[PDB]
Amino acid sequence: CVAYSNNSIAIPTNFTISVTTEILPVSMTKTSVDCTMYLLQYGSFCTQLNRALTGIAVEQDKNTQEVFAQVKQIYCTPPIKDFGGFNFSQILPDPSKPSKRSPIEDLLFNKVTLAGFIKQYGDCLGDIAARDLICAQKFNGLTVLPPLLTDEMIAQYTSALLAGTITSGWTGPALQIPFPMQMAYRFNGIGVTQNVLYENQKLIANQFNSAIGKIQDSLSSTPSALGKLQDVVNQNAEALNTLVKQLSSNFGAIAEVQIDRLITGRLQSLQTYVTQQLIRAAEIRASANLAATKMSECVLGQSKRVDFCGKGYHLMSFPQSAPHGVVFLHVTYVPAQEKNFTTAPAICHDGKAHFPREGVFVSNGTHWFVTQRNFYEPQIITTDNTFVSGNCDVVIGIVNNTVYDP
Amino acid sequence: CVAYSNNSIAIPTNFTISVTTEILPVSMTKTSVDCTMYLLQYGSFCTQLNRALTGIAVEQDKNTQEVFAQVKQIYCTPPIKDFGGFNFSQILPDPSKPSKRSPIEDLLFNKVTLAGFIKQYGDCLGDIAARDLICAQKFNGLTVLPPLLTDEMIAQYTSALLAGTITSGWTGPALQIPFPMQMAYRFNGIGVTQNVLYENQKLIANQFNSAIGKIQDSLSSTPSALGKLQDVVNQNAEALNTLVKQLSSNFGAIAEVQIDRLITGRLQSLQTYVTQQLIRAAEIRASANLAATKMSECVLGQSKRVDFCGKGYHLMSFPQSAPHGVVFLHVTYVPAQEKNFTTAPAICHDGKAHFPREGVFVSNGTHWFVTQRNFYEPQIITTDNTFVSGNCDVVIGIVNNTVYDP
Amino acid sequence: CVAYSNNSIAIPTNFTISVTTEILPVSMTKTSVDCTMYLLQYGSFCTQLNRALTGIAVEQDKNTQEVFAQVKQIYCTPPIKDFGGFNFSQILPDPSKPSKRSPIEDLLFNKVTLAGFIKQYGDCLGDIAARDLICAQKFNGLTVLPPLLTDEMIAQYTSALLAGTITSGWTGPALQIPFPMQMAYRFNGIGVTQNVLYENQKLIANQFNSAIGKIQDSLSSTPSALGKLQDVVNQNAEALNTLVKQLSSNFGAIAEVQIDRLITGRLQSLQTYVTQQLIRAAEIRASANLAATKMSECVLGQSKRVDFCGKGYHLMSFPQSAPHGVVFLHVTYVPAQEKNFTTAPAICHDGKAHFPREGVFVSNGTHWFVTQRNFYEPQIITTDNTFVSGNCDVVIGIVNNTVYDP
């Protein structure tokens, strides 16, 4: 417990900068059915379920656009990966490997990965020798469709977001600035004056480099973080396998009457598949909108609310791509070594009451100082860090101390 | 009407601090039915309505958590109830009465209170000698279930919120500070400099004490405010009585055919009850979310929007518990004695144009001053409350006045 | 592309003020049917569709209130239309024409205007000699009902909003101020110091007058902007004509059996009309809520988000009425002539590190200055625009330059 005090104030004298990951899926496997295998205005039965599959397939492109296609203007490649001591080598993409993903992005696409249909349709669809129709024939009607924005296009949106978050700050307003100077403005957004960063820059950079190194150390070796994306791929691949099991094994299970039971059994199996696809879309839409609002709040700016864009007070955020999802590298500030100091509302000198121009009056026991409330940086009391108004008699809790005029 | 002026500005020279109540219900009576009185995978008829009763019963715990369980960290008991002259004796709980509710909270639980089922099931459920099953037998199937968070647990959440709002300010950022100093920051959040509070502290405290006294004076003697909570308890107790009337009197009203009309009549009566319970939940969910967002906006911080967290410009807010609801004690600031003063954009001296470092230039008719725009606190024009830029010729509306250098 | 730099910062040295239009429909034609032509507790068939028509008719009054009836307090007529050089003659209403609409509002009601039922029912309803019932008889049952707030009442709400946005600023807080001084506060809200406006006031006013003149020049001559309101009137008038075509021509198309096909055909035609009226309400509700939130964000204040209240950084907004809609005259600021200057974190003098009290250190190549980051307004480095803390050794990127003490 931290209890009352009419005499004291708590101020932190240390801090630490932490980088933490948040994993959010935004997309889902776009499934479509060619009902001719199940001027063609409409079939009566298979069309009603396939129009819904088309509806959610368009929603996946809508979700991916709403999370990644939030900005377009190109900040050109950074590309040096040093930025005043902050090691961004884990985060910027390189042409040294022709995929041009970041080293962390490559790990996301390694751990989140695929006797199943998402495998079999791809093994069927050779970029040449195969087409949509020939494999809708070779495999009875079920298809997975191309994404509007592929992994590399999503990676280019991530690259532009990274360059725009490092070379400048997304709002305010917004114009290009050096990086440690930008984080000094992030400090001023927290409530800590800018000078606190420039004089701790190597320590802040070392804390950042340690946290960013342990992120990549954790992703592969401690896999318990990547589960949220393993689910969306595996459980939908399972959905396609469970459908095809009933559509392939139940050919020798379940004339006109026997046929009208078997085919309607296939339609009942399709209804079983479609209804849970439409239910999985309820999670994907919610998590995609969460990723979109955290893109606007954490990456495209600096958030006012706490524990939303990572734990602690928000500093900034960086995006990284993943199969059907995005990872937010939330950089946050948290104070440490809080300590109680005796405080006063005003300082009395020569019969006049002085108030801090910004900050608080605090004492080490023997002398009084003026200090910013959000970090212990004490200063002598002067005529240019205080302002005068009123009398030493009208104030409750006023205390006597000398005030200097340099 | 207040009309145009290119020459003048309106500034208030007085203010008053008001405390006002907002009453919001957040919970509803959790009803459940044991269908055996109406490996047991499912009954066909009574199960479908009882699963919905279970669904809204879980929603009541969800609503109560969303409004009260918004924070957990304990600020220990205050417990002195003086805080620089502001009398919080009406608001803090005491162990002098073993319920440990606040004196106002005890009045809320007095006026909002209960030949009816919410009474009869409780008179049936003795803490010993009775159980759930024996009274589901003694009274045909209808039950009201325990809340996840009882009145005392809700009171402990209120106690922690009060201690966290008095001992510190919930964001920014957030750390413990003396109370009148915290309200000085609330003044600076309004737009009035902090010194205006410390020199009016006894007057502000007296206004607060008068308003907080009239709140408790009003609740019991002028009951027209408590109606919003009387409704949610009485109209749901009426719903249970109206159900049981048809389930008990219509035993001698409405063989296999006569039975299949009577029992389905009981199910039709249950549908009548369940559908309006699910409609009452529409009000309870909306008001609980309103209480949750006003907990985050009014209690867990200071609101930027006006007339939301009480009438006038928002200062702070304090929670108090009530049967199935929460009361917000909105403390707000409103300016008074607005007055028009002649104003100028810049002051010309020695051929240079000076602008106020913050505030406006105003004149009493004979001399020019610099003043904060949000409260009339005039000051002499100096070189440290103005900044220089430009010429006396390029400015429209510029005026001549001396500027001093102390 | 704009690429990296650890050494430089981009600052704009020019700007331009633009006025742009956003058009939003908020209302829809309130249709009602007297089912006696198609103690009267209910008819079975026509009542179910007419209760829905009543439901959306009440929603149109709700939408119009939510967008226009957001404030009530009267700022009296301005009425001079000069406001420091900004020509508001296009925007304020005049009694020189007895409608008392603004010259732009009169153009909105000219271009958005009406062998059709919205015409025929009005030609039927003479203010005298006709009534609701006699024309529900002369034309079989279909009616369009009066709006709760007419065009002139909506115009009075617009007039009060204009007076409240010009004579004062709607929050903060809010009190009456001269107009160019208010826009100086709008500049400070953008991030540009107030003095930048007063010394460019004639240029800013000329840019405003040119944009506001081209708005009215565009509306009538280049009609491609007014289409969003042409649709909501014409396509609903078409809906009433398409209904009446089936209700009037199909009297000689489609005894008890032939009657029970014909009348149900009229009900099927009514279902065709009602379902698309309820679908058009989905657009009208969304656009009305967009107009309501942009009334609160753009007119009743100044928006923090970009490209929402017009393109560029938001300055202010003015409302104008239109048939079933509102037009927002978004005034926005956008910087121009961005230029790169060499920058430094701190300035070293006499062994002490100095930081800018607000702004950045920049150099013309030969000398160092301090400047606000959001507009190029350079200043000499002094002891009253910098503050001292730390040493010249602990800072990365520090540079040497003299600092003056006036």
# chains A, B, ... in the order shown; residues from 1 in each chain; ligands from 1

call {"tool": "interface_residues", "arguments": {"of": "chain B", "to": "chain A", "cutoff": "7 Å", "atoms": "only C-alpha atoms", "output": "compact mmCIF listing (two decimals) with N, CA, C and O atoms, in the first residue's frame"}}
result
# COMPACT_ATOMS: atom_id res chain seq x y z
N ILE B 74 -3.95 -1.07 -4.44
CA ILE B 74 -4.49 -0.53 -3.20
C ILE B 74 -3.71 0.70 -2.78
O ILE B 74 -2.50 0.63 -2.52
N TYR B 75 -4.40 1.83 -2.70
CA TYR B 75 -3.96 2.94 -1.86
C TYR B 75 -4.57 2.71 -0.48
O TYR B 75 -5.79 2.59 -0.36
N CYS B 76 -3.72 2.62 0.54
CA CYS B 76 -4.22 2.24 1.86
C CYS B 76 -5.14 3.32 2.41
O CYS B 76 -5.24 4.43 1.88
N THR B 77 -5.83 2.97 3.50
CA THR B 77 -6.90 3.80 4.02
C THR B 77 -6.41 5.22 4.27
O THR B 77 -5.26 5.41 4.69
N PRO B 78 -7.23 6.24 4.01
CA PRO B 78 -6.73 7.62 3.95
C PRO B 78 -6.14 8.08 5.28
O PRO B 78 -5.01 8.56 5.30
N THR B 167 -5.56 10.32 -2.66
CA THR B 167 -4.14 10.26 -2.36
C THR B 167 -3.30 10.58 -3.59
O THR B 167 -2.19 11.10 -3.47
N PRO B 173 1.75 11.96 -16.11
CA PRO B 173 1.39 10.63 -15.58
C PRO B 173 0.86 10.66 -14.15
O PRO B 173 0.45 11.70 -13.65
N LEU B 175 1.19 9.80 -10.02
CA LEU B 175 1.94 9.51 -8.81
C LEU B 175 1.30 10.28 -7.66
O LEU B 175 0.56 11.24 -7.88
N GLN B 176 1.60 9.85 -6.44
CA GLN B 176 0.90 10.38 -5.27
C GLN B 176 1.32 11.82 -4.99
O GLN B 176 2.49 12.19 -5.12
N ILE B 177 0.33 12.64 -4.62
CA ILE B 177 0.52 14.07 -4.36
C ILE B 177 -0.49 14.52 -3.30
O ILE B 177 -1.54 13.89 -3.15
N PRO B 178 -0.20 15.58 -2.55
CA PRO B 178 -1.21 16.12 -1.63
C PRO B 178 -2.45 16.59 -2.37
O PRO B 178 -2.41 16.94 -3.55
N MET B 181 -2.94 20.36 -3.68
CA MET B 181 -2.00 20.47 -4.79
C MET B 181 -2.52 19.72 -6.01
O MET B 181 -2.30 20.15 -7.15
N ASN B 195 -1.95 28.94 -9.00
CA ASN B 195 -1.94 29.83 -7.85
C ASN B 195 -3.34 30.30 -7.47
O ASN B 195 -3.57 30.66 -6.31
N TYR B 198 -4.60 27.90 -4.46
CA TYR B 198 -3.98 27.96 -3.14
C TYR B 198 -4.40 29.20 -2.37
O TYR B 198 -4.48 29.17 -1.14
N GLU B 199 -4.67 30.30 -3.07
CA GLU B 199 -5.07 31.55 -2.44
C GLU B 199 -6.58 31.66 -2.25
O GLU B 199 -7.04 32.62 -1.62

call {"tool": "residues_around", "arguments": {"residues": "residue 136 of chain C", "least_positions_apart": "6", "cutoff": "12 Å", "atoms": "only C-alpha atoms", "output": "VMD selection string"}}
result
chain C and resid 32 to 38 120 to 122 124 to 125 130 142 to 145

call {"tool": "select_by_dssp", "arguments": {"residues": "segment 236-364 of chain C", "states": "helix (DSSP H, G or I)", "output": "ChimeraX atom specification"}}
result
/C:236-251,256-299

call {"tool": "residues_around", "arguments": {"residues": "residue 19 of chain C", "least_positions_apart": "2", "cutoff": "8 Å", "atoms": "only C-alpha atoms", "output": "MDAnalysis selection string"}}
result
chainID C and resid 17 21 208 211:212 215 329:332

call {"tool": "write_last_selection", "arguments": {"atoms": "N, CA and C atoms", "output": "tab-separated table (two decimals), in the first residue's frame"}}
result
chain	number	residue	atom	x	y	z
C	17	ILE	N	-3.70	28.95	-46.55
C	17	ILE	CA	-4.96	28.65	-45.89
C	17	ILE	C	-6.00	28.35	-46.97
C	21	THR	N	-15.14	22.28	-49.20
C	21	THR	CA	-16.50	21.86	-48.89
C	21	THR	C	-16.58	20.36	-48.68
C	208	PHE	N	-8.20	33.40	-47.66
C	208	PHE	CA	-9.54	32.98	-47.26
C	208	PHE	C	-10.60	33.51	-48.22
C	211	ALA	N	-10.54	31.62	-51.60
C	211	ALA	CA	-11.10	30.27	-51.54
C	211	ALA	C	-12.61	30.31	-51.34
C	212	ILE	N	-13.10	31.23	-50.50
C	212	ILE	CA	-14.54	31.30	-50.25
C	212	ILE	C	-15.28	31.82	-51.48
C	215	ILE	N	-15.58	28.84	-53.90
C	215	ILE	CA	-16.58	27.86	-53.48
C	215	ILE	C	-17.92	28.14	-54.15
C	329	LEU	N	-17.90	24.00	-44.40
C	329	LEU	CA	-16.86	24.83	-45.00
C	329	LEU	C	-15.62	24.69	-44.12
C	330	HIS	N	-14.82	23.67	-44.41
C	330	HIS	CA	-13.62	23.38	-43.63
C	330	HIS	C	-12.51	24.35	-44.03
C	331	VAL	N	-12.05	25.14	-43.08
C	331	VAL	CA	-10.88	25.99	-43.25
C	331	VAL	C	-9.69	25.25	-42.66
C	332	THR	N	-8.65	25.03	-43.46
C	332	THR	CA	-7.51	24.24	-43.05
C	332	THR	C	-6.21	24.94	-43.40

call {"tool": "atom_distance", "arguments": {"atom1": "atom CA of residue 288 of chain B", "atom2": "atom CA of residue 146 of chain B"}}
result
18.8 Å

call {"tool": "residues_around", "arguments": {"residues": "residue 87 of chain A", "least_positions_apart": "4", "cutoff": "12 Å", "atoms": "only C-alpha atoms", "output": "list in words"}}
result
residues 79, 80, 81, 82, 83, 91, 92, 166, 179, 202, 204, 205, 206, 207, 208, 209, 210, 211, 212 and 213 of chain A

call {"tool": "select_by_dssp", "arguments": {"residues": "segment 147-356 of chain B", "states": "strand (DSSP E or B)", "output": "ChimeraX atom specification"}}
result
/B:168,176,313-322,325-344,347-349,352-356

call {"tool": "residues_around", "arguments": {"residues": "residue 170 of chain A", "least_positions_apart": "5", "cutoff": "12 Å", "atoms": "only C-alpha atoms", "output": "JSON, numbers by chain"}}
result
{"A": [70, 71, 73, 75, 160, 161, 162, 163, 164, 165, 175, 176, 177, 182, 186, 295, 296, 297, 298, 299, 300, 301, 302, 303, 316, 317, 318], "C": [305, 306]}

call {"tool": "residues_around", "arguments": {"residues": "residue 118 of chain A", "least_positions_apart": "3", "cutoff": "12 Å", "atoms": "only C-alpha atoms", "output": "JSON, numbers by chain"}}
result
{"A": [28, 29, 30, 31, 113, 114, 115, 121, 122, 123, 124, 125, 139, 142, 143, 144, 145, 233, 234, 235, 236, 237, 238, 239, 240, 241, 244]}

call {"tool": "residues_around", "arguments": {"residues": "segment 94-108 of chain B", "least_positions_apart": "6", "cutoff": "7 Å", "atoms": "only C-alpha atoms", "output": "ChimeraX atom specification"}}
result
/B:155,216,320-322

call {"tool": "write_last_selection", "arguments": {"atoms": "C-alpha atoms", "output": "PDB file, in the first residue's frame"}}
result
ATOM      1  CA  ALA B 155     -17.787  -1.163  -1.540  1.00  0.00           C
ATOM      2  CA  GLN B 216     -26.943  13.978   1.568  1.00  0.00           C
ATOM      3  CA  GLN B 320     -20.333   5.748  -4.348  1.00  0.00           C
ATOM      4  CA  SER B 321     -22.084   2.384  -4.423  1.00  0.00           C
ATOM      5  CA  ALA B 322     -25.819   1.716  -4.571  1.00  0.00           C
TER       6      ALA B 322
END

call {"tool": "atom_distance", "arguments": {"atom1": "atom CA of residue 158 of chain B", "atom2": "atom CA of residue 171 of chain B"}}
result
17.8 Å

call {"tool": "atom_distance", "arguments": {"atom1": "atom CA of residue 324 of chain B", "atom2": "atom CA of residue 228 of chain B"}}
result
10.7 Å
